Structures are given as structure tokens and as C-alpha cells.
């Protein structure tokens, strides 16, 4: 039974790497430096059409419970207990969504009760390690604890979905007065306060400590290496920052490239550990990101706004490909043909049944229905779970910044066609993704047959799984479903 490592970067877009996931190298592929992603890819398969939701919380709750985001209703980011983080709107009320996230127990207000992926792995004999960003439940809610969620070891994981600082010189946001700590102060790295250890480095050091400890136990391990990295604020990692200045990047872009290269140093350190300790041929490594790169905030990024995941449109918080299409690599020695690419689409809730299959766990009990479809047939080249398959997103919410494809929406992807419905004004956009990867050309008027059919598909699904919608403040009435206009 293999060890499993799920290496999850935060807010990393499809092109925030030197490894080309498109059909040619982009301007971004040329300036970033991720040699360890390339090396991992030479040894495995990369998925060029892998999907998440557009925001941390819906993606990570889908990962750990195996439900679609429309069903678990954690559709915008969580932290404050019993409170909606949504930006105000003069037009609509957001859905009455599950602001407190997921947990494994019943009767926790505004949560989705679910059998945790880590719990099933643990109860089947895996040693389970969480390291970095957890972000599964609101603060003072059982899901705030990686331990409650079935992890036996927890490094730095709590309810926070961001981080107050990468810099050890700032204690990662922790106060040494009687000052109250920020929400996103990173716990569990006290050993490193006041030093110049970047938080990404510290997480990898502690992760390697946990991995050496796991080698004392005669059981396989599951490691969730969930970086805070490349979430805002984009602090400068001085280990690589100047090199990108010398390369001619703006300070903003140099800072961002340097978070990327530091993330990739963490992957290499783990890969080197696997090599030095004889675990590499018996260990599955999965690389993933949880939503698109941030392309709506010019105070962090340069370039034309909403183009920082080029050639994809927009980014984090958007229904467009820039916000949902993610870099994904799997290495499974003996099973997965090295140096290959797979173009069949999949979505984050598939990780749940797939990882359990990799762990050799069958007919397990869950309190919630599982919406993920295993993508082992893509890993083994034996089947195509994307054929005839519909993928669903639902964001009856209001995130923080305006832009293309951002706002309260629900999306269905089926075959070549993507339907994006806009709850606020009833607008519909139809894109043929293989022909129009940048979502430049709205085909809705040229194909009302596809629009009607896809709208029914989307509408039936949302209602079937209990998905929610916003309502209009002027009238009190719910926004029509896609198939009601």
C-alpha cells in the first residue's frame, strides 16, 4: 500500500509555473522557475484541464468531503463564526450558505456534516499528517481542527485561510505583546519566530520532521502538504527576489515569482527526502492548486488587469477558466506512464474517491453522498470519466473585487460547452472551451439549443443536490434558476 502525498498550493494559477500546461510556452512560463514541477512531470502525468472552484473554501471542502460545492454550500471563504464574509451588494442578498464550513459531527449550525477523507484513511491504517493551510471550518467550530478532521499530526493548520505574513521576522503575524493576534497568524512555528525562515521553508522543515517520524511506524502515510504559499500578502522571499529583478520583472511580479520558486523548492525538498529515504517508488505524489491566480487586484500584480493567468480569462473568484483551471501532476511509479499528458477533464471532488482507491479502501461508509468520480481510469489509461460528464459550479455569493466572470454565478461544463449563468441580471454566456480557451467569444446567441439544454442540466442539478441561489433586495424574490428565464 503506497504512501500518498497531496501537495496543494494556494491560489496558484494554470500558468504560475515554468511547466507549460498549454500547447506552447507562455510569457509566464518563460520567467517563472519551477524545476521540481518539471522533474515531477517527467516522472508522471500532467492534467491540462483539471478543475477546482474559484475560491479556497468551496474547493478544499469538496476535497475533504468529496461533495460538489453546490451541495455542501461552503461556497465562499470562511473564518468568522456565524457570519457571512460576502461583500455587500446593493442588488442581491447572498445565499444562506454554510458560513462555518464542514465537520464530522451533527448539529453544528451552518455546517455540512461529512465523513472526512482523512478519517477514512486513518481508520483504514494510514498515518495522517496535515501541514499548512487547513481552512475547513470557521473559528470555534469543530472543523477548525485538522485533528477533528482525522489528521493524527497537525502542523500550522487552523481555521485561517490566509496568513498575516511569510516572514519569520514578523513571527508570521504572531504578537509578542498582549496584543490580540490577527486571524491569520500562523500557529505552530513558534520555534522560527524572529529568525529569517520564510514560512514556506518552515512548513517544509516541519513536514520533513513529520515524515522522518512516520518512518518509525509500520503503516503507510498520507501527507497533506497544503502551502499558504502565494496567497496574499506577497511578501518578498529574499532567497530569490533579486534574481527576478535582475530578470527585468517589476517588484510586484518579482515578489510573486519568488513565492512560486519557494513553493517549488518545497516540492523538491520533499522529493529529495523520498529519494534519500527509499520511499520514492512506493509513494504517490499529487500536485494541485485550489483556485486560479489572483488577477483582480492591481496592488499585487502588474500587467493588464485580469490577464495574469494568460491565455485564460480572469482568475481567482471568477467562473472563467482563469479562476477554476488548475495545474495538476500525479506521479505513481509502476502505474502511471512517466512524461505523459492527459487532457480529459476532472474536478476537485474527484480527489476524494480517487485517493481512497489509491489507498486500497473499498466500500467505505460515509454519512454524505459522494459526488466525486474516481479518475484512476485516466491515471491507468483504461477509461474516460469525462465522457458525457457534466461539471458544476455554484457561487451564490459576493467576493471582494470586480471583474470578468466574477459575481454570483453558476456554471455547467459538458463536453466542449461551458454555460455560465449570472444570477444578478439573468445573463448567459456560452463558450466552446477547446476553440476559445480565453473565453473571448460568447456563442449564446448562435446556439440557443445548447443554451436551453445546458440550463436545464444546471438547474436540475442545483435543485437536486440542494444548491442555493441569491435573492433580490428590491422584491424579496429569489433570483431565477438558469432554466427559469
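Numbering follows the first chain given and starts at 1.
Trainee: As stated in the PDB record, which stretch has the larger average Cα B-factor, 171 to 179 or 374 to 382?
Mentor: Per the PDB entry, the higher value belongs to 171 to 179.
Trainee: Given the B-factors recorded for C-alpha atoms, which segment has the greater mean, 430 to 438 or 62 to 70?
Mentor: According to the PDB entry, the answer is 430 to 438.
Trainee: Per the PDB entry, which option out of 409, 366, 291, 195 has the greatest Cα B factor?
Mentor: Each of 409, 366, 291, 195 was compared by C-alpha B-factor; the highest is 195.
Trainee: Based on the PDB record, which member of 245, 139, 324, 347 exhibits the highest Cα temperature factor?
Mentor: Checking the PDB record, the top C-alpha B-factor among 245, 139, 324, 347 is at 245.
Trainee: Of the three thirds of its chain by CA temperature factor, lowest, middle or highest, which one includes residue 241?
Mentor: Middle third, going by the recorded CA B-factors of the chain.
Trainee: How does the C-alpha B factor of residue 217 compare with the rest of the chain: lowest, middle or highest third?
Mentor: Top third by C-alpha B-factor.
Trainee: Rank-wise, by C-alpha B-factor, drop residue 13 into the lowest, middle or highest third of its chain.
Mentor: Tercile = middle for this residue's CA B-factor.
Trainee: When the deposited Cα B-factors of this chain's modelled residues are ordered and cut into thirds, is residue 476 in the lowest, the middle or the highest one?
Mentor: Highest third - that is where residue 476 ends up once the chain's C-alpha B-factors are sorted.
Trainee: Please place residue 317 in the lowest, middle or highest third of its chain by C-alpha B factor as given in the entry.
Mentor: According to the entry, residue 317 has a C-alpha B-factor in the chain's lowest third.
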